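Visitor: Fold the following and give me the result.
(chains A and B, ligands or ions: 4)
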Number of protein chains: 2
Amino acid sequence: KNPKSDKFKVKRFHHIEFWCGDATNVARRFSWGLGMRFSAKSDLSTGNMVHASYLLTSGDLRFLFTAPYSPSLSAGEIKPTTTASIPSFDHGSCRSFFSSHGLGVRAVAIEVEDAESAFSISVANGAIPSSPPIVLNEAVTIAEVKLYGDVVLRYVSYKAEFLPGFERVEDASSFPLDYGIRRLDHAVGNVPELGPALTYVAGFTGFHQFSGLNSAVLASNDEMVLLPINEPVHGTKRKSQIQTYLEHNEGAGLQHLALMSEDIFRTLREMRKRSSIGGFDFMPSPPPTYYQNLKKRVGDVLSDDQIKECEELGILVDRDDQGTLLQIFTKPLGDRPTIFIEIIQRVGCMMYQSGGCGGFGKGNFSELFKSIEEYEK
Amino acid sequence: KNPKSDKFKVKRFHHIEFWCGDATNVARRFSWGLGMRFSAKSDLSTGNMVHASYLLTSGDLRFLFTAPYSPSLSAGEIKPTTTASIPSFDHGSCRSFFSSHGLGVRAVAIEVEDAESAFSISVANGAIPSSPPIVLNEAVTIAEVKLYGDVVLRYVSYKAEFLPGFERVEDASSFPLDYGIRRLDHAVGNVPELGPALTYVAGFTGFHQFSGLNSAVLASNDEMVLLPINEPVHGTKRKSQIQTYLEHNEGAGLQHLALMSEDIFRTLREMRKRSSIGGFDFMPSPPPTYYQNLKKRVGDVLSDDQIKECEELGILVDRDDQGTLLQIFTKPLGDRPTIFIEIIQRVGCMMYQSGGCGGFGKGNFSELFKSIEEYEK
Ligand SMILES: CS(=O)(=O)c1cc(C(F)(F)F)ccc1[C@H](O)[C@@H](C=N)[C@H](O)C1CC1
Ligand SMILES: CS(=O)(=O)c1cc(C(F)(F)F)ccc1[C@H](O)[C@@H](C=N)[C@H](O)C1CC1
Ligand SMILES: [Co+2]
Ligand SMILES: [Co+2]
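Guide: Residues are numbered from 1 along each chain as shown, chains lettered A, B, ... in the order given. Ligands and ions are numbered 1, 2, ... in the order given. Below is the structure:
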């Protein structure tokens, strides 16, 4: 059941913004680890005396990395005279965010028809305003409301180059890396209480509902913008990783970004080659009993060779009644056991491919436990 | 003239510690960019609830990257019960350092005979104490005095594995990168006033004295520990880069680390291959007139082919009356135009090679200006 109850026209995920202590080093690490090209900048060389912002792209995926300069560089500015390209930026907020949470996602940005209308409608329906609509160069409008913790939902709308004041990067500095990642599939938050978080976000967006945790997924009308939320389950045998997240993050925040690949085999080969030379690490692989059990449930979708390829790369597989799901999880992206990345590829639900085809892998909780006990015995 | 006036026995440079917002991302970036192996860690997986510290090594060069966790993880600890492996660490100091200066060097660490004696003698001779001597596992002693700005000179002495509480890294995570860098040659600070800075540091160490700036070099008895200091020269045609440093850094701090390579050709080929894929960028190369002029002054040291190799890699060459110097400078290591790296190789002054053989390249200021005007006309 899709009631299509979006209170304003939502298009697609637009970008994810990380708040950093040093944007350069995080952006360079992520570029190499994920195969994303440097495509835009806003920093001292572009006249921005407030923050350094570097944009990485892979297909439609846009990762933005932002860090504050010394406030002294901009102490003579006021908001009407700012050189910041992102007018919602605030030195104090950014330093407080980073000091509190470590490296993590500040903004989940979605493109909308009219960011001013989205902001106004959201706040009229209970959204806590974070930054009011601001029109950039009479061309782009940006607005921000609180999503959970210190994460904001950022609305961006274009009249007709990422944002005004950003410059396209000199191609000598722009190496065309590409490991196959193409778009953001879903962005997941961790909260202490799932119920109130769902009520709040679904309340102001009109988005509809799509061990150790309970979760639920909020979705836009065409189910292309997917915002799941997790809460911990207490009293479990193993401590809930959601609670560990909340402790190490100092509260609610973004837990994982799921990045769609057009060729998850290639993506994982390229990422795994780079794990120990500056890239990202992956979670421990499931025992081979897991891949022994793959034939019984996805053998009509993947060949034995394609299953063997999942086994050599550590890929997990799930399927609902509509499509099949390939996925894998990285180790945490930074010092704290908080944010990590999922790589995903979906097969089926062609009409283009509908949103959330195959689900989100919830069956892999029971399948992993099964395979673990099976390999043990 | 070397009076050999060290007030305590100094051995060699031991490590450089960067204070970071996220140690993981900076360490991974630096590892790939410089060809340094991950060799030790102290973090949550080793019981350290206070700070995350990752050690990179290349030959004798040791780069340490440290960031604070949430203080809540260690709120029940006191100093006698700390899980920090570096007992001088303080969350508030680290956050204040990073917020003030951005990514940069907190500690220049030198190995000494007796860190307690070095600390006591230093403070008796005017050093401002920063952290008193602490004996780690009855095996290593660490002490810290102020050097300049918020940079400390750290003394380390060993009775007889980097520091107690650090673990050697699982070799799967330890890829044996190596681009030829072998040791720290010199570590340079920027101050507003060279005179008072020199008097202070030479006062408590007994170290002896070895455009847009004035500089001077302080050296230990065998001139293996080299600590130059720069001050700006005001009223110049172009703004002094030392003053830009002081403005963007919020005061004095470490300006550049010069890393000796046993094969600077190889090092630069390997680093330049990685500049646009996560590594470090290099300053713009000198005009070819510079390399046309190399024959007249170093043609008895380098062949035409070896000179051509310097030209293709952008290497600068200088020479005093004792040895010859190959050098090159990176662009700033992070967001701010503050700290950068020099790669260096020295030829001559064999007895092993004496310290500072060939000087520090001060002749390349006039040679660069010459070559620029020559190529212009
Ligand atoms: C939460 S998870 O990152 O721990 C995780 C863990 C596994 C497992 F392989 F460990 F079983 C499998 C899938 C996931 C997924 O991400 C999904 C949760 N069911 C999804 O994102 C949605 C919340 C909607
Ligand atoms: C300061 S520097 O990093 O701007 C720099 C710049 C050039 C030039 F190629 F630009 F001319 C050449 C060499 C250097 C050096 O590092 C040395 C300073 N003379 C040294 O470290 C010592 C202070 C003792
Ligand atoms: Co997921
Ligand atoms: Co130098």
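Visitor: contacts and neighbour counts: CA atoms only from here.
Guide: OK.
Visitor: CA atoms only: put stretch A:124-142 into PDB for me.
Guide: Below are the C-alpha coordinates for stretch A:124-142, written out as PDB (Å, rounded to 0.1, in the frame of the first residue of the first chain):
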ATOM      1  CA  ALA A 124       3.600  24.000   9.300                       C
ATOM      2  CA  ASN A 125       3.400  20.200   9.900                       C
ATOM      3  CA  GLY A 126       5.700  20.000  12.800                       C
ATOM      4  CA  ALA A 127       9.300  20.100  11.400                       C
ATOM      5  CA  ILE A 128      11.800  21.900  13.600                       C
ATOM      6  CA  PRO A 129      13.400  24.600  11.400                       C
ATOM      7  CA  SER A 130      17.100  24.600  11.200                       C
ATOM      8  CA  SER A 131      17.900  27.000   8.400                       C
ATOM      9  CA  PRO A 132      15.300  29.100   6.500                       C
ATOM     10  CA  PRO A 133      15.100  29.100   2.700                       C
ATOM     11  CA  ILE A 134      17.800  31.100   1.100                       C
ATOM     12  CA  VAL A 135      18.000  31.900  -2.600                       C
ATOM     13  CA  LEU A 136      21.500  31.500  -4.100                       C
ATOM     14  CA  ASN A 137      22.300  33.600  -7.100                       C
ATOM     15  CA  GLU A 138      18.600  33.800  -8.000                       C
ATOM     16  CA  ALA A 139      19.000  30.200  -9.100                       C
ATOM     17  CA  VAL A 140      19.000  27.600  -6.300                       C
ATOM     18  CA  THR A 141      17.000  27.600  -3.000                       C
ATOM     19  CA  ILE A 142      18.200  25.700   0.000                       C
END
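Visitor: Can you tell me which residues in chain A are near chain B?
Guide: Neighbours of chain B within chain A, by CA under 8 Å from any CA of the partner chain: A:20-26, A:28-29, A:31-32, A:52, A:67, A:69-70, A:73, A:95, A:98-103, A:172-175, A:177, A:248-250, A:275-279, A:333-336.
Visitor: filter these down to the ones near ligand 2?
Guide: Among these, not one lies near ligand 2 by CA under 6 Å from any ligand atom.
Visitor: gap between the two ends of stretch A:189-198?
Guide: 11 Å (CA to CA, to the nearest Å).
Visitor: Repeat that for stretch A:172-192.
Guide: 46 Å.
Visitor: which of the residues in it are buried?
Guide: Within stretch A:172-192, the residues that count as buried by 16 or more other CA atoms under 10 Å in any protein chain shown are A:174-175, A:177-192.
Visitor: from the middle of its chain, how far away would the longest helix that chain A contains be?
Guide: Scanning chain A for the helix with the most residues, using DSSP state H, yields helix A:363-376. Centre-to-centre, helix A:363-376 and its host chain are 27 Å apart (CA atoms, centre = their mean, to the nearest Å).
Visitor: which strands and helices sit next to it?
Guide: helix A:288-292, strand A:316-319 (3 or more CA pairs under 8 Å, 6 or more residues apart in numbering or on different chains; DSSP states H and E).
Visitor: Which among those is found nearest to ligand 1?
Guide: Ligand 1 lies closest, by CA to the nearest ligand atom, to one member of the helices and strands packed on helix A:363-376: strand A:316-319, at 6.6 Å.
Visitor: Find the closest residue to chain B in the stretch 1-150 of chain A.
Guide: The stretch 1-150 of chain A approaches chain B most closely through residue A:28 (4.4 Å), counting by CA to the nearest CA.
Visitor: Over to the stretch 201-350 of chain A?
Guide: residue A:278 (4.4 Å).
Visitor: Quickly list the domain ranges of chain A.
Guide: Domain segmentation of chain A under curated CATH domains yields A:1-178, A:179-377.
Visitor: how long is the longest one from one end to the other?
Guide: Yep, that's domain A:179-377 we're talking about. Where domain A:179-377 begins and where it ends lie 38 Å apart, using CA to CA.
Visitor: do the longest helix of chain A and ligand 1 meet?
Guide: Yes. Interface with ligand 1: helix A:363-376 contributes A:364-365 (CA under 6 Å from any ligand atom).
Visitor: got the contact list for the residue nearest to residue A:236 when sequence neighbours are not counted?
Guide: Residue nearest to residue A:236 in three dimensions, not counting chain neighbours: residue A:212, with 6.6 Å by CA to CA, 6 or more residues apart in numbering or on different chains. By CA atoms under 8 Å, 6 or more residues apart in numbering or on different chains, the residues touching residue A:212 are A:232-234, A:236, A:238-242.
Visitor: Which ones among those map onto strands?
Guide: Cross-referencing these against strands under DSSP state E gives residue A:232.
Visitor: Just the buried ones among the contacts of residue A:212, please.
Guide: Listed as buried from the contacts of residue A:212 are A:232-233, A:240-242; burial here means 16+ other CA under 10 Å.
Visitor: okay, the domains of chain A, which one's buried deepest?
Guide: Greatest average neighbour count among these goes to domain A:1-178 (a mean of 20), per mean count of other CA atoms under 10 Å in any protein chain shown.
Visitor: Now the phi/psi pair for the nearest residue to residue A:139 once chain neighbours are set aside, please.
Guide: The shortest distance from residue A:139 to any non-neighbouring residue, by CA to CA, 6+ apart, is to residue A:159 (5.5 Å). As for residue A:159, its main-chain torsions (degrees, to the nearest 10) stand at phi -60, psi -60.
Visitor: Against residue A:138, how distant is residue A:159?
Guide: 8 Å.
Visitor: if I pick the residue nearest the centre of chain A, what's in contact with it?
Guide: By CA atoms, centre = their mean, chain A has its centre lying nearest to residue A:257, at 3.1 Å. The contact partners of residue A:257, taken as CA under 8 Å, 6+ apart, are A:184-188, A:340-342.
Visitor: quick one, what contacts residue A:85?
Guide: A:42, A:48, A:163-166.
Visitor: any idea which helix or strand carries it?
Guide: Residue A:85 belongs to no helix or strand when assigned by DSSP states H and E.
Visitor: tell me the strands in the stretch 1-150 of chain A, going along the chain?
Guide: A:10-19, A:37-42, A:51-58, A:61-68, A:104-112, A:129-136, A:140-148 (DSSP state E, counting those that start in this stretch).
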